[PDB]
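Here are the chains, one letter per residue:
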2 protein chains.
Amino acid sequence: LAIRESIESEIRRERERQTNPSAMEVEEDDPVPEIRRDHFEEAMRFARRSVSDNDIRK
Amino acid sequence: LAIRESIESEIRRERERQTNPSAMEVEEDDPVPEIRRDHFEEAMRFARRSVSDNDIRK
């Protein structure tokens, strides 16, 4: 999810800097370095227990 | 567990006030009113999921 956010943010940078050649001066850093708690909150929805209870009982 | 603690505390009161008739003057309140977090921490060991995963799958 973090990689998706980074690439989808950079596409906007490319489109805006080619659409607007006005200044192109600020040269900012990455929008998403150092993966945040939001990505874990999204990714925690799709987790599951792969081992059932009867297996552990066995 | 709270009831066990209360009765086991009152047995000490009876034994000490009959063993020592010295003053018997203070007339305190209950040792255990208003069940505390310790009883939940003890009772949470014996809990279990009564419904397995294959049943919910069904």
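Residues numbered from 1 in each chain as written, not as in the entry; some residues may be left out. Chains lettered and ligands numbered in written order. Part of a larger assembly, values for the part shown. Heavy atoms only, no water.

For this deposited structure, the header cites cryo-EM as the method used and 3.32 Å as the resolution.

A. Geometry of the relation of the copies chain A and chain B. Superposition record for chain A on chain B: RMSD 0.0 Å, screw rotation 180 degrees, translation along axis 0.1 Å. Each copy turns onto its partner about a two-fold axis. Relative to the rotation axis, the closest C-alpha in chain A is found at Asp53(A), a distance of 3.7 Å. A high fraction, 100%, of the interface residues of chain A reappear at the interface in chain B, so the copies pair face to face through one surface. (Least-squares fit on C-alpha atoms. Contact = heavy atoms within 4.5 Å.)

B. View of the interface of chain A and chain B. The partner chain B presents four residues to the four residues of chain A that form the contact. Summing both sides of the interface, chain A and chain B together bury roughly 320 Å²; the carbon and sulfur share of this comes to 22%. By the criterion of area lost to chain B, the three top residues of chain A are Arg49(A), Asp53(A) and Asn54(A), representing 85% of everything that side buries. Between the two partners, chain A and chain B, sit two salt bridges. When the shortest N-O distance is used, the salt bridge between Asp53(A) and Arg49(B) registers 2.7 Å. (Buried area = accessible area lost by both parts, 1.4 Å probe. Salt bridge = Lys/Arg side-chain N within 4 Å of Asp/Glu carboxyl O.)

C. Structural context of the environment of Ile35(A). All names here are of chain A. In this structure, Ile35 sits in the loop between α1 (2-19) and α2 (37-43). Between the C-alpha atoms of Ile35 and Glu14, which are 21 residues apart in sequence, the distance is 22 Å. Setting aside chain neighbours within four positions, we find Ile35 in contact with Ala2 and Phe40. (Helix = DSSP H or I, 4+ residues; strand = E, 2+ residues; numbered from the N terminus.)

D. Looking closely at a nonpolar patch on the surface. Residue and element names in this part refer to chain A. On the surface, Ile3, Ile7 and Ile11 cluster together into a nonpolar patch covering about 310 Å² of accessible area. Within the secondary structure layout, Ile11 lies in helix α1. Look at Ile11 and you get partly exposed, because its relative accessible area is 41%. (Patch = residues over 30% accessible without salt bridge, like charges linked within 9 Å, V, L, I, M, F, W, Y side chains within 5 Å. Areas by Shrake-Rupley, 256 points an atom, 1.4 Å probe, with all protein chains shown as cover. Buried < 20%, exposed > 50% of the residue type's maximum accessible area, 1.4 Å probe, protein only.)

E. Representation of unusual backbone geometry in the model. Residue and element names in this part refer to chain A. Despite not being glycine, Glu27 has its phi angle at roughly 55 degrees, a positive value. Inspection of the secondary structure assignment puts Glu27 in the loop between α1 and α2. The phi angle at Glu34 is positive, at roughly 60 degrees, despite the residue not being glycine. Here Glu34 shows up in the loop between α1 and α2.

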